[PDB]
DNA sequence: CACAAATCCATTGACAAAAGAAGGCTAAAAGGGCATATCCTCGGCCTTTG
């Protein structure tokens, strides 16, 4: 929901794409950073988790 | 009980090192942007089909 608020703040309909097609990016990024930041007890940085 | 050598005491100079104290440099950690739209089961639910 936080990520979706962020995407809603950035949506421009001048292009004509669906809102889903844009906001899905910010939503999935928000959720992924959330899991990578606050899911392990010992916090691994995000790039190391990608590795 | 009187005079000179022997030896604990304290500074000087020079200085090697230990301790920081910064400045610089990476790599590491954080942050940001992204523009087609949208699996399997089960079961209701309704179209079509007879």
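Numbering (the deposited numbering), first residue to last: 409 to 459. Virtual Cβ for every residue (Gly too), placed ideally from N, Cα, C.
| query | By the 10 Å Cβ neighbour count, where 16 or more other Cβ atoms means buried, how is residue 434 classified, buried or exposed? | reply | Walking along the first chain from the start, residue 434 turns up at place 26. With 16 or more Cβ atoms within 10 Å of its Cβ, residue 434 is classed as buried.
| In this structure, does DSSP put residue 452 in helix, strand or coil? | To locate residue 452, count along the first chain from 1; it is residue 44. For residue 452, the secondary structure class from DSSP, reduced to helix, strand or coil, is coil.
| request: Specify the secondary structure class of residue 414 as computed by DSSP and reduced to three states. | output: Locating residue 414 in the first chain gives position 6, where the first residue counts as 1. It is helical.
| Simplified DSSP state of residue 420, which is helix, strand or coil | Along the first chain, read from residue 1 onward, the residue named residue 420 stands at position 12. Residue 420 falls in the coil class under three-state DSSP.
| said: Can you give me the C-alpha to C-alpha distance between residue 421 and residue 431, rounded to a whole angstrom? | reply: Locating residue 421 in the first chain gives position 13, where the first residue counts as 1. Locating residue 431 in the first chain gives position 23, where the first residue counts as 1. So the alpha carbons of these two residues sit roughly 12 Å apart.
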